[PDB]
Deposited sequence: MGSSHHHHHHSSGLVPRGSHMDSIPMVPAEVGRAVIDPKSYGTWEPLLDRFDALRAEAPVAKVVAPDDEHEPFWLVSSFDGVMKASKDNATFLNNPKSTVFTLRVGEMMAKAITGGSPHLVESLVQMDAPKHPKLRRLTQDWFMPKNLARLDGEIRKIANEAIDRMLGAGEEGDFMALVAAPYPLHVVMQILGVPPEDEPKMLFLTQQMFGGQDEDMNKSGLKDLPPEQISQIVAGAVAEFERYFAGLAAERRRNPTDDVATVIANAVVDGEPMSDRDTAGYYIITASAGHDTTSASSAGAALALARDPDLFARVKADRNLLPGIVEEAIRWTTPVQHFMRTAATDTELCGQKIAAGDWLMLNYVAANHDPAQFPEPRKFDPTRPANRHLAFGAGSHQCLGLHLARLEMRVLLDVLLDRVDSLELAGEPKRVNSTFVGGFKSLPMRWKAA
């Protein structure tokens, strides 16, 4: 049993390691080369032990072997023992606050996933070009309305993807502060009874939204969810609400982070800014690299179903494991100069969307949201730059930017 070095075991679980970023990257360089599958054990037992998987190859094999590496038995995100208890008191014994797609395994998982799979294809999403473009123009309206200076997060990256996800879920605009509470507080990085209450309110709320989409079906994803048939029957209100909830929470901060990372890289490299300004076909490479370079979803966990080996390391039945995508996406085995923001890297070769049977349902939509936003930005600004220091959020699960002060000149 290889052990992670003590300092690294402390760092990998610390939200501030992700805000800081660089030192953690260095610790992954040293760890991944010596022991890409290594045990993290807390000296005073504040969390259950887990295997840190730190190489691209480890995360890739772990991700693809969904029969061996399960999402349901244990919390799907790293948590300290206290958070796990809190979750179980809130739900009456499950570690999953809400139990949605990402927390399920076969046979239930693929049945529910398959429901929206067609809707999430590029083909179908291309029908939302206009609706997204309208929300991007609204985002850039706010940017330019602020003057020649302001916080890119507050103005553009934070609200925009949430507006897009409200639009595809049929959430009315006046319910925006409820959705933000949902993605910023309920999820995001006797209080048990208020969270239990709030969960139940969201479920009742989404059950009603789904009722309306059964009466008045539309082209959006809420309609697909609401009208689903599983095993000859409709989905329960719990599952139906679970589907709305995951779409919104998987869809928001993640796309905020990569949108932000893309604007950051454009702001810091004005020669690249000018080239994509003149040739928008450069945009897909930039989008893809912003997702890799930011790695908005920083880890997911798994539980081993059975005794197995990963990278020749023995893993015992019921072992908890962290698939660390930050570590995976900065592996020099796959990425030359892993640190550099490089838009010339090829598509569909990073692990920011994971791989295997849970691979991100929304990855085409995410990419599309970013491409559209950036196209709009590029038409409407002649010049962009940083006006202060970019700050990362301190969180272990979904990361991103707290603050992104910039300065620009309106085209």
| query | finding |
| --- | --- |
| Where the deposited sequence has no C-alpha coordinates (positions from 1, in order) | 1-23, 213-228 |
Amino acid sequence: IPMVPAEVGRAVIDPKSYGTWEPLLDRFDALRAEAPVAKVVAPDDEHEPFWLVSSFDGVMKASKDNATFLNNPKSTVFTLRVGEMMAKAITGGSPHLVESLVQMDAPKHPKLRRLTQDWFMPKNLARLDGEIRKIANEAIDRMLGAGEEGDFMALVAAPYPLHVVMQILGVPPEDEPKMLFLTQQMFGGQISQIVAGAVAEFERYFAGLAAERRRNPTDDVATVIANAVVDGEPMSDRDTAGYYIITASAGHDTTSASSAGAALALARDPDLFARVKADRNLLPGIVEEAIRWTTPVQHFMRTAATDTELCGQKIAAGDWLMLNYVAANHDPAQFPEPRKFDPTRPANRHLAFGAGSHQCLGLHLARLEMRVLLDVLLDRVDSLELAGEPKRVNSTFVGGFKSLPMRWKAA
From here on, numbers count along this sequence of modelled residues.
{"item": "Which of 229-237 and 206-214 has higher mean CA B factor, as the PDB entry lists it", "value": "229-237"}
{"item": "Greater mean Cα temperature factor according to the PDB record, 117-125 or 252-260", "value": "117-125"}
{"item": "Deposited CA B-factor, highest of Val381, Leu361, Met370, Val59", "value": "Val381"}
{"item": "Of the residues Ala327, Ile246, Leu272, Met85, the one carrying the largest Cα B-factor as recorded", "value": "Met85"}
{"item": "Third assignment of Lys314 from its chain's C-alpha B-factors", "value": "highest"}
{"item": "For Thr303, the third of its chain into which the C-alpha B factor falls", "value": "middle"}
{"item": "Modelled-residue ranking by C-alpha temperature factor, third containing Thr295", "value": "lowest"}
{"item": "CA B-factor placement of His350, once the chain's modelled residues are sorted into thirds", "value": "lowest"}
{"item": "Third of chain Cα B-factors occupied by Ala278", "value": "middle"}
